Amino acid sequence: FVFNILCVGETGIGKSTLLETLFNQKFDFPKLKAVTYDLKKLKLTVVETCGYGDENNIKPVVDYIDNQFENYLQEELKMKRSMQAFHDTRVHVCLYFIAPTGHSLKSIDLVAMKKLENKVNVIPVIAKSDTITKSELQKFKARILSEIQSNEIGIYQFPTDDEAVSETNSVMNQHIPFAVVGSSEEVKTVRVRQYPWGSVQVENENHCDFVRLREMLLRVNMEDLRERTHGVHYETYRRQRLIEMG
């Protein structure tokens, strides 16, 4: 089972830590860095932006995405093709890390997500959500959601048409953008960020939205992300190239 995830965010925003917390293991890796791991049945490829934010900031991200689409298309056009044996490297989900300023959505993040909306399944997350207290975090979420909806940004939504998963997925959609916290520490057993005044529990829903985000890794949800990638995002790219090739 292949699954490709992209983390877009500024330097030191917590991309690597969240990936480690998500899959409960370390990941060892010039604008993008990708590495493939075999988790035990799941072949995972994690991609992470380098120096992002340091107009054209999103270009290397878009180019990477287009190149994975192109590799798949060329395989699809082959005379002697073997799609089953082919390693799908197309990005199935993009976690867009939003800085916990407590302010509003930055213009760069707005433009970037607008250009990614029809290229990849975009899921916005609030990085280092322990930066913000509970009350102003809900105001910050509402502000972000307001700008996303007003600017008509087509972020990804988990499917709620099937009653078998409607309850889980509707709750997930209500928590978007996910207030995330990552950690490489473990105490008596969960993962925590330990301060002298207290410890943030990653897997505690009263502290952050990590448990909601982790439900993305449910089989039905990963399959939906892959299906939309192939049937919508890839098709958009494919139709464009077929026009060019003629």
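Numbering starts at 1 and follows the sequence shown.
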* Classify the number of deposited-sequence residues missing from the model between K40 and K41: none, 1 to 3, 4 to 9, or 10 or more. => 4 to 9
* **Absent coordinates between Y195 and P196 - deposited residues affected, binned into four classes** => none
* Structure fact -> Ranked by mean Cα B-factor in the entry, 19 to 27 and 221 to 229, top stretch is 19 to 27
* To do: Report the stretch with the higher mean CA temperature factor, choosing between 167 to 175 and 100 to 108 on the basis of the entry.
  => 100 to 108
* Quick one: which of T49, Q201, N67, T189 shows the highest Cα temperature factor in the PDB entry? => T189
* **Selection by C-alpha B-factor (highest) of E215, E205, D63, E55** => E55
* Using the B-factor values recorded in the entry, state whether the Cα atom of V180 falls in the lowest, middle or highest third among the modelled residues of its chain. => lowest
* Would you mind checking where the Cα B-factor of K128 ranks among the modelled residues of its chain, as the lowest, middle or highest third? => middle
* Would you check the entry's CA temperature factor for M113 and let me know if it's in the chain's lowest, middle or highest third? => middle
* Structure fact -> Sorting the chain's modelled residues by C-alpha B-factor and splitting them into thirds places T89 in the lowest
* Where does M83 sit by CA temperature factor within its chain: lowest, middle or highest third? -> highest
